[PDB]
Amino acid sequence: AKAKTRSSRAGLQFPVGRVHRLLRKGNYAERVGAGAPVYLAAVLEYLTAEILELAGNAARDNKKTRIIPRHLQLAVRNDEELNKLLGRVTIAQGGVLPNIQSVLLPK
Amino acid sequence: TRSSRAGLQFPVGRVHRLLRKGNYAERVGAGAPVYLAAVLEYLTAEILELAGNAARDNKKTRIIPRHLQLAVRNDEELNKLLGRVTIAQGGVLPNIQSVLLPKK
Amino acid sequence: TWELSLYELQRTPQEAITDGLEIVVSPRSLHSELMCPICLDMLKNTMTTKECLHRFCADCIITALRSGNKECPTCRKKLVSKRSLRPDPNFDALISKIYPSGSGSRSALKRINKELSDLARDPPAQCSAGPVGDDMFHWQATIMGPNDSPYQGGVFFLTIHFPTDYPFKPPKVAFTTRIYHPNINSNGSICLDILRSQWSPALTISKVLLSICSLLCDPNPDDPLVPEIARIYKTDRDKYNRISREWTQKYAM
Amino acid sequence: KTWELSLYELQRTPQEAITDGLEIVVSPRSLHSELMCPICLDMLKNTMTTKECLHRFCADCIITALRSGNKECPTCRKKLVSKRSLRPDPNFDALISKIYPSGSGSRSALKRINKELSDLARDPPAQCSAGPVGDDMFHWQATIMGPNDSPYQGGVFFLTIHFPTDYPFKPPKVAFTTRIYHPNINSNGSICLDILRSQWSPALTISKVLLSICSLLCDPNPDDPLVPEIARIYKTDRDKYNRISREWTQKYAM
Amino acid sequence: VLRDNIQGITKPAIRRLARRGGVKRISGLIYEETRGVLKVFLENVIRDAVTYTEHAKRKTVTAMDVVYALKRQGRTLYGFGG
Amino acid sequence: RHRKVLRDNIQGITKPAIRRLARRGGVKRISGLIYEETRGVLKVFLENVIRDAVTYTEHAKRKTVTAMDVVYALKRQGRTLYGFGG
Amino acid sequence: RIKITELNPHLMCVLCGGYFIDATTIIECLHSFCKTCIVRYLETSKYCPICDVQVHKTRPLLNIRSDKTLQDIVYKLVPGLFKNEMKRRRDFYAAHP
Amino acid sequence: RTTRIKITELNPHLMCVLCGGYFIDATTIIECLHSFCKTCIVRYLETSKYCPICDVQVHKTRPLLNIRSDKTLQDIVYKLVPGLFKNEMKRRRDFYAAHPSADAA
Amino acid sequence: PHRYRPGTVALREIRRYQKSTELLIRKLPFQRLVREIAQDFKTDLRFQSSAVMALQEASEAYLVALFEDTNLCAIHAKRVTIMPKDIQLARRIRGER
Amino acid sequence: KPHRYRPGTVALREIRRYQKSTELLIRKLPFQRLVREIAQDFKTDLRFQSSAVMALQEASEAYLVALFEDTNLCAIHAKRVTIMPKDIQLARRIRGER
Amino acid sequence: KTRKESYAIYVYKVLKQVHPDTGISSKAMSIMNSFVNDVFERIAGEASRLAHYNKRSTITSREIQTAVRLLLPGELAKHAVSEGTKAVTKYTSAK
Amino acid sequence: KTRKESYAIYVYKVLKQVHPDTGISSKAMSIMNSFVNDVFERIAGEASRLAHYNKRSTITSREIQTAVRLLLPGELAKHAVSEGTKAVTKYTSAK
DNA sequence: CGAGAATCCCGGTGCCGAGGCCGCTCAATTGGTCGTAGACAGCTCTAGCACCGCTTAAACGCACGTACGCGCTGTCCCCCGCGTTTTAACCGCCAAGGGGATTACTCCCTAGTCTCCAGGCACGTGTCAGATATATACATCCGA
DNA sequence: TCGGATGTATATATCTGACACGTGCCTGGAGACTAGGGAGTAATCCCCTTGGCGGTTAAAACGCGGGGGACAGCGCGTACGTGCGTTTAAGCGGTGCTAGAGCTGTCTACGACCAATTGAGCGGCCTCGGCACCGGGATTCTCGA
Ligand SMILES: [Zn+2]
Ligand SMILES: [Zn+2]
Ligand SMILES: [Zn+2]
Ligand SMILES: [Zn+2]
Ligand SMILES: [Zn+2]
Ligand SMILES: [Zn+2]
Ligand SMILES: [Zn+2]
Ligand SMILES: [Zn+2]
């Protein structure tokens, strides 16, 4: 009967069916609405895009065409909102932001 | 009752029912609510004991939230357990820094 | 607040000109209204800040927020990300309508020359700056002493070095003329916040020099380079003016 | 590490138990320091032993000691987070029950005052004294003289001691009322003594306090003094302090 | 529309809070700063509380909304429920 | 049938290493009493994290602590770690 | 030189059906209106009259700002608009205290 | 006042269950407050990680981390039992009387 | 006349308010503040008394907890008076800004 | 005769050097030995995955650097350019760890 | 009414166990209730994550015990564990 | 072989959408994966608690939206809710 | 030493919330089938552990010295303390009514289930992004 | 006041391996379906939030003398940085041994589930004693001499 994916119908890339399955068998509720998986997939895909964009920018700044954890870190720690979102999150091999206090600067 | 069969005061049945719902897992163990109610009863006993002593020190017979605060904050383990917890009408422990004491 | 005035409550609409009327335009007319303060050129992919309604080029504002403070380049207000902005279709369409030619390259050199024209067309008060020769990255400046400040008729020389990532990085501005000032080094280095930390990509040499004149008018004894001068300026005022006028009449005049 | 048995320990023979029915004579002061509670200065009852340092206290005594004050051991200053860091010692209870069948179900706070008074009169500290002014045992008068090898050598210094209601869980208020020129000794009377302020333990006695002051007179603590004027007096250093304090305090005492 | 009300947090009240906090001497620029911090705090809490109220389709902010907000903010409050 | 007891490996964390960490932290001048303090703090941190991790390991009836045990342990301490799973 | 009959909708207010008199734009959508227009409009609806986007949760006045940058363009393009506005304003304020 | 009691009545509180003799250099496991001779319990904890008496786990990995030298108890058994200290010291002296190594023990 | 040394009755105020458990901030204007802040999220809101009391408990707890860290930041800089920079440092290390 | 920087330049050069890098700073093997030494008090004959040790080290160094930032801030707050144990203790205190 | 329940009577019982001549106010009781509920949700939650991590769909007393070992610090854990292991033993002596 | 699922191909597709001429490392890939997993657990968790708070046994798009409003800060939350609404609307239309 | 509050203490009294009894509703208990997760012996093989000489990066040790921690100190000044004056929080409390709780009930929506199948992953393979290194030129720090 | 010794920013040849895309494969996702049921929603009892007198008085404001403390300047002194020599061992890999994680098939004991049914537990009423209240007086810190 010509089957199509729920992700294609929602105009998304992230798997709707997979998210739905994880929600069902993730001990979150007895039942789950039909809008929950598409909405959640949409949010995850959006956040993914928003991070990958700034990460791509930081990657371009370092003359590299492959995004590394350092670029992700530079992308997140500059974005105040993303930083608050990942405040209790440690990114492996991401290092820290280049920041030197004014007092430690040469006289 | 299962609480009487386990020598517990806390409701094993109620704990079991609460574990059934709340979406923690598919099925729940038979010894799990016994163990959990036992732990809850233990912690309750400890806190009520220390707060009872705190009430004794304040020449009171009825425990006020102040006594609970005094009991919790005077115990490093209980304080760690309730680190991100605010006790209503509990106040703060009496503490004045040494450099704040009068001089000259 | 937003309380309407006596006229605003009963204001009458201005009827649109329906009759065919042609309007001749010039690139100097809507210049300041359509110029991106960062690249000093025609707007492209117009992004507008939500909080202060300031128009920037997409590449310009993005590069500004990525390689600098999270402030608005024009008014210095919190701008955490591109999400604190919004694309302006009407504005960009208006610009593309009036100016079909569009924009070109956004090189640092192009903006340096844009500043050169911006100086030649309307010079600052008691300030000037221009290239020493064929090189456009090595500039020389001249700042005449203001009236209020004890440097009357000083006419001090300065040296300006533009970085490659201009204007996203502040130009090295120093002094070549000896001057008795608490914020100015004995070699020529300047202790100015907009020349180090709080630099904006929308700032120009004109505004910098004006800030230096304003600095001469009112020194900053809080964080100086030469301590004894600041101490003299704080404790007394006659000695400061005297020595300043001496160094002005000896090392400047 | 530190448990490696030596040459003798690796082959030591068991000390055979005395099985012949002979009796042992013990005075009521024979096992004093071994069976005495450091807090209430009386025989142990419902003995609790700290897991870290193996120090014995009374149940209510050590519990109340924990709830009101530092969370450390009253005897060796080692820390214990709560009453769970100590286990009940029924062995001591049984041994006590067999030796001294007299638990005396009455402790604190006047009783510890009296016991400490007897312990004071039995053997006072070096060149010191302390005893109640009148019938009230909560208000004592302590007389401390001048220790040898010190700028206060020679003279007499009277001070008052106010015992709190919850003594010994709270430190006694000691006020020096003889006007002595000392860094930590205020002209008003207050003494900046750490063990009398925050570093107080229920196992401390008036003897130990007066001894601490006695040692304080010789070598003071300019780290946290009561008056800043004497901070420079010890920056002279120990040459102008023996001619300024011995003529203002020692001359106003002897 | 309510008034300023940020000045409702009077000087002696903040002084009291500092006293309970164990502060001997207080600067003058402390009060306004404290008002700002309290403003940000209350904003962050009330926002989430009102969010919980709206999800429950209620026009009345309950105590449990506040408790949930504080709990998800990382400041669990005892003596009201939860 | 193979055992080995390790002692005094906290001194393995060297002075210049702590110095480097301080540099990345943005420190110009470092005191001498800093290093031992750092060793202590690191010792406590590792104590807690490894304790929880080993707890997770023993709960899984395994004799090998995996990376996921470390990830869970760190996550429950409010220190989520990306790049190792989870 | 371009015909003004084409640059109208970029300067046309969709509330008064005329040129922008003291331009005021909404933050969340950058849709421009007249101040005297949009101020009394948001006395009822808290949503945009064009893209139907929520201006603000409760108080829409917090999400509207005066666009002088646009108003300057409107005044510089339309011949004798500022003069007309000033003339009518003065003429109205002439017979009133 | 002076009390006198049979030492056999006090023996069960002064004897080691591992060697059957009096406590010498008393050492106590702290997870249950149980005392033994130092050598006895040290040698035992190389054969088992659980208490000899109540079978309570001394430690999960290293039992030596949960034993402490009990001085007060040793003082009690030294004061109650007559001539015990003299005898033990005599043993220590007689042992090193032919062996010249490691005095501090 | 009758005077007290600056820092005495203040210390007595510390000792007195640390013993008490009652709320410190005035109830009514705090409630007014809450209702003022809440109007930017949902129009025409109603509040339970227990809700306002909860908000006040949490707020006073937060502030009295912050003032301790602030005081420590003041003493760390060899001072006895708290300053805005101390609050800034406290909230910085706390991880709020 | 020889060349010597003023005491402060090399430090800043190191700061600029390591704030750009992302690789681990603490040596691998000693950290592994420390991990196993600390672990030998919870479970006998413990086996460790390489990724587990690496995770532990990543989190450890991250934590230490993060602590060093706050410590440095405490040092600067007291008008000093040198970090001292007081600073670390204050940081730990405010963070709610001590 | 809907019969709003709590841990009131149980907390009161345990209170009268540890302290026969000691009472408790309403606010303090509500606080104790909030404590019991909080600890309940925390232990049960950690146990849930435990079961989920090991691909097991059952929360037994094992998961609860491990959760306690993870949550309660120091001695507080130990004793609690005992009080658990004790209870579940007695329950198996009369069932 | 027991295949282990991952979000690799999806975040890769997104990467190609936002940056057609950039690459991605395996480490950063695993990091992004852990990120999406974490956010998933967060939102789903808060939605679950939302459903439980209102005596509901069903998690709809409303619970998810509210959860996002609670978790994500400011403009991030705004754009997130925007994309979510767009997706659920487009899904609603196209059957 | 001595004046002066100001916290503490003590005997008396008005008051309301803590505690025990009771009607009774509903959730915990008792008991049996049965689908099935969990226990578990059995088995493939990934991966962790010990090994072990070697180039050498790095930790270590140490001498010289200068920026910097730290105590000392004089001076401007800004909170403290307190009496008076201005201001509104607090309280009693009757009363309008929004709106949260509960209930009766039709129904849209999701779990449940067998089937078809292609989306998703493990596997294999080619090469371009990047690590690498000799090698420039460059910005930057510092004494005679 | 400035040119030369350090070492950082920069440029480009060049080999290496992990990023990336093709492929057979297999399982999870999609499609059509019924019907139990949670949820929608109109209806209605009625608790609890909200307004507002006015009257009080303690609390908040304003102001002023001044004493303790923030803060900039200076100097004795030592602890820490910089750089080179000696030396410890981390990092390297080469690799055999096998612990033990991981997967599979089988047997079986665990717990949800429907059902019968009685008391445990909550809403609710009431006598009373802990405790807030209250005011005379004990008395203990404080500030000056
Ligand atoms: Zn531009
Ligand atoms: Zn702006
Ligand atoms: Zn001890
Ligand atoms: Zn005792
Ligand atoms: Zn719009
Ligand atoms: Zn209009
Ligand atoms: Zn023995
Ligand atoms: Zn034992």
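In chain J, numbers come from Swiss-Prot; the residues present are 38-135, in order.
Placement of Cβ uses the backbone N, Cα and C atoms for every residue, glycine included.
Note: J:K57 (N6-methyllysine) has no non-local neighbours, i.e. no same-chain residues 6+ apart with C-beta under 8 A of its own C-beta. What Swiss-Prot lists as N6-methyllysine is J:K57 (among others), and the listing cites similarity to another entry.
Per Swiss-Prot, the feature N6-(2-hydroxyisobutyryl)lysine maps to J:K57 (among others).
There are 14 other CB atoms within 10 A of the CB of J:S58 (phosphoserine), with all protein chains counted. As annotated by Swiss-Prot, phosphoserine applies to J:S58 (among others), with the evidence given as similarity to another entry.
For J:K65 (among others), the entry in Swiss-Prot reads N6-methyllysine, with the evidence type similarity to another entry. On its own chain, J:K65 (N6-methyllysine) has J:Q94 as residues at least 6 apart in sequence with a Cβ closer than 8 Å to its own Cβ. In the three-state DSSP scheme, J:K65 (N6-methyllysine) falls into the helix class.
The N6-(2-hydroxyisobutyryl)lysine annotation in Swiss-Prot covers J:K80 (among others). Secondary structure at J:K80 (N6-(2-hydroxyisobutyryl)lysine), taken from DSSP and collapsed to helix, strand or coil, is coil. Around J:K80 (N6-(2-hydroxyisobutyryl)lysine), there are no C-beta neighbours below 8 angstroms that are at least 6 residues distant in the chain.
The feature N6-glutaryllysine is assigned by Swiss-Prot to J:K80 (among others).
The feature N6-acetyllysine is assigned by Swiss-Prot to J:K80 (among others).
For J:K80 (among others), the entry in Swiss-Prot reads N6-lactoyllysine, with the evidence type similarity to another entry.
What Swiss-Prot records for J:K80 is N6,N6-dimethyllysine.
Per Swiss-Prot, the feature phosphothreonine maps to J:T81 (among others).
In this structure, J:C111 (S-palmitoyl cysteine) is part of a helix by DSSP. Annotation source Swiss-Prot lists S-palmitoyl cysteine at J:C111, citing similarity to another entry.
The annotation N6-glutaryllysine is assigned in Swiss-Prot to J:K123 (among others) on the grounds of similarity to another entry. Within the same chain, residues at least six positions away from J:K123 (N6-glutaryllysine) with a Cβ under 8 Å of its Cβ are J:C111, J:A115.
DSSP classifies J:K123 (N6-glutaryllysine) as helix under the three-state reduction. According to Swiss-Prot, the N6-methyllysine annotation covers J:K123 (among others).
Proximity to chain A, taken as a Cβ less than 8 Å from one of its Cβ atoms, holds for J:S58 among the recorded positions J:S58, J:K65, J:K80, J:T81, J:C111, J:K123. Taking CA atoms as the reference points, J:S58 (phosphoserine) and J:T81 (phosphothreonine) are 37 Å apart.
Highest local Cβ density among the recorded positions J:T81, J:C111 belongs to J:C111, counted as other Cβ atoms within 10 Å over all protein chains shown. Ligand 6 lies under 6 Å from the Cβ of none of the modified residues J:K65, J:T81, J:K123. J:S58 (phosphoserine) carries neither a helix nor a strand DSSP state and counts as coil.
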